[PDB]
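Notes follow the structure.
Atom set for the values below is all heavy atoms of this structure, side chains included, hydrogens, waters and symmetry mates excluded. Proteins get letters first, then strands, A, B, ... in listed order; numbering begins at 1 in each.
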Amino acid sequence: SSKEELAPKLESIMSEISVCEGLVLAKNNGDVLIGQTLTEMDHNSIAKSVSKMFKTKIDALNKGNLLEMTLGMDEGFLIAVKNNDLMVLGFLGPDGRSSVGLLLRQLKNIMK
Amino acid sequence: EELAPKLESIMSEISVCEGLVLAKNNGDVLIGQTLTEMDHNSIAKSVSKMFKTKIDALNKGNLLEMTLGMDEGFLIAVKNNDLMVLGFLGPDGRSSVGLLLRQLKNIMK
């Protein structure tokens with residue numbers, strides 16, 4: 001199963017990137033498969049929101065579908081990478097800008 | 001007035017940048033400069049509505065910047081209280097994503 005294959009990969013990312021606050025795997029429709037977070041978080045609601053952002057049509061841009069998102073927030077970052085079936089979401093704290101590129105690269109690798 | 005020569009400067013410095021759009025946070029376009037004809041207003045409206053996405057469950061406050069990876073390139077957007085700036089890159093421009101974001105953040109104060 002996807003949960004079984006990706007779970008150790010996500011856990012390895014959490015331990016290598018100690019500043020990562022959580023990694024959540026969901027179907028592209030937002031249904032959460034597995035999650036690990038350093039705080040109590042509503043994974044389901046977050047994944048529903050990110051699912052809807054991935055569906056944004058910016059048709060006048062003619063660049064096709066959205067495949068990855070890096071969101072800079074007041075208190076940190078969300079990185080999201082999707083393939084044709086799943087999407088993975090990662091969270092970084094406010095000082096985490098220096099790990100954004102690393103996290104995005106690791107998630108793209110496992111979702112290729 | 002003070003931002004229009006800055007957009008020109010960014011475009012002259014980053015050749016892979018396909019365009020810049022300065023808009024109000026509601027999506028009304030102030031200035032748009034793209035290498036090809038594009039409906040700047042429709043793009044700004046789409047991005048404006050994206051910036052309004054509610055993600056309070058993230059517990060990270062307001063959404064301030066977006067870097068969007070697309071099939072055919074990238075869209076970078078940065079907002080402040082009043083304005084929003086958009087930049088477009090082709091697939092040949094991932095090496096310039098950080099630079100373009102850094103420049104857009106600089107001019108949005």
Side-chain angles (χ1 to χ4, degrees), chain A residues 6-7 9-56 58 65-83 85-111, chain B residues 46-70 74-80 84 86 94 97-98 100-102 104-105 108:
Chain A
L6 298 184
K9 296 185 189 161
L10 295 171
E11 283 167 2
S12 301
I13 296 176
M14 287 290 290
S15 62
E16 75 172 84
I17 303 178
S18 60
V19 298
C20 177
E21 300 172 327
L23 288 172
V24 174
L25 187 68
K27 303 175 187 182
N28 283 335
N29 64 16
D31 289 356
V32 177
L33 297 177
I34 48 174
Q36 178 187 330
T37 57
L38 295 186
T39 64
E40 288 284 348
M41 312 194 64
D42 182 353
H43 306 5
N44 284 329
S45 168
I46 295 172
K48 298 311 160 299
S49 295
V50 169
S51 174
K52 288 165 196 265
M53 291 184 73
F54 268 124
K55 292 188 178 36
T56 297
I58 46 199
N65 300 113
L66 193 45
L67 309 171
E68 55 193 26
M69 297 188 310
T70 300
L71 306 179
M73 326 280 307
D74 279 331
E75 278 292 295
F77 308 82
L78 181 156
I79 295 161
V81 182
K82 70 177 269 167
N83 58 33
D85 293 299
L86 304 171
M87 61 177 190
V88 62
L89 291 56
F91 312 131
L92 288 168
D95 61 318
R97 191 176 289 276
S98 63
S99 302
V100 168
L102 177 50
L103 182 53
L104 170 65
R105 167 167 41 251
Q106 297 274 312
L107 297 178
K108 285 167 64 62
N109 278 9
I110 65 167
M111 306 289 296
Chain B
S46 293
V47 175
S48 166
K49 194 235 61 185
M50 274 195 86
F51 266 123
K52 289 158 174 56
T53 302
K54 292 186 175 185
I55 185 105
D56 188 16
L58 189 58
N59 298 329
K60 292 191 183 297
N62 295 130
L63 174 58
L64 309 168
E65 310 155 4
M66 297 183 311
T67 302
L68 302 184
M70 327 275 302
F74 304 86
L75 188 155
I76 298 177
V78 179
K79 55 142 52 199
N80 54 35
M84 144 182 95
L86 313 184
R94 196 190 278 267
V97 167
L100 182 54
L101 175 63
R102 178 150 63 255
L104 297 184
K105 279 161 68 69
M108 296 300 291

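- Two residues are said to be in side-chain contact when any heavy atoms from C-beta on lie closer than 4.5 Å; A/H43 and A/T37 meet this criterion.
- Taking a 6.0 Å sphere around NZ of A/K27, one finds it holds 12 or fewer heavy atoms contributed by other residues, nucleotides or ligands.
- Scanning all heavy atoms of the two residues, the minimum distance from A/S49 to B/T53 falls at O-CG2, 4.4 Å.
- Once rounded to the nearest 0.5 Å, the distance linking CG of A/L107 with CG of A/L23 reads 6.0 Å.
- The CE atom of A/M87 sits 9.0 Å away from the CE atom of A/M111 when rounded to the nearest 0.5 Å.
- Minimum heavy-atom separation, A/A47 to A/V32: CB-CG2, 3.5 Å.
- With rounding to the nearest 0.5 Å, the separation of OG in A/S18 from CD1 in A/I13 is 13.5 Å.
- Taken from CG in A/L103 to CE in A/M14, the straight-line distance is 9.5 Å, to the nearest 0.5 Å.
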As a quick check of understanding, evaluate side chain to side chain contact (heavy atoms under 4.5 Å, CB included) for A/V88 and A/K9, giving each step before the final call.
CA-CA 12 Å; A/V88 62; A/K9 296 185 189 161; over 6 Å; no
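- Nearest approach of A/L6 to A/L86, heavy atoms of both residues: CD1-CD1, 4.1 Å.
- Rounding to the nearest 0.5 angstrom, the gap separating the SG atom in A/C20 from the CG atom in A/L38 is 7.0 Å.
- Of all heavy-atom pairs between B/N59 and A/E40, the closest is ND2-O, 4.5 Å.
- Side-chain contact between A/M53 and A/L78 is absent, with no heavy atoms from C-beta onward closer than 4.5 Å.
- Looking at heavy atoms from C-beta onward, A/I110 lies out of side-chain contact with A/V81 at the 4.5 angstrom threshold.
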Just distance, no hydrogens or angles: give the donor-acceptor pairs under 3.5 Å from side chains in residues 68-77 of chain A, sequence neighbours left out.
unit_1	atom_1	unit_2	atom_2	d
A/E68	OE1	A/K108	NZ	2.9
A/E68	OE2	B/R94	NH1	2.8
A/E68	OE2	B/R94	NH2	2.6
A/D74	OD2	B/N62	N	2.8

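- The line from OG of A/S45 to CD1 of B/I55 is 7.0 Å long, rounded to the nearest 0.5 Å.
- When the shell of 6.0 Å around NZ of B/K52 is examined, it contains more than 12 heavy atoms from other residues, nucleotides or ligands.
- The closest side-chain heavy-atom distance from A/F91 to B/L58 is below 4.5 Å.
- A/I46 and B/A57 make their closest contact through CD1-O, 3.4 Å (heavy atoms, listed as atom of the first residue, atom of the second, distance).
- A pairwise comparison of heavy atoms in A/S15 and A/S12 identifies OG-O, 3.1 Å as the closest pair.
- Side-chain atoms of A/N29 do not come within 3.5 Å of backbone N or O of A/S51 as any donor-acceptor pair.
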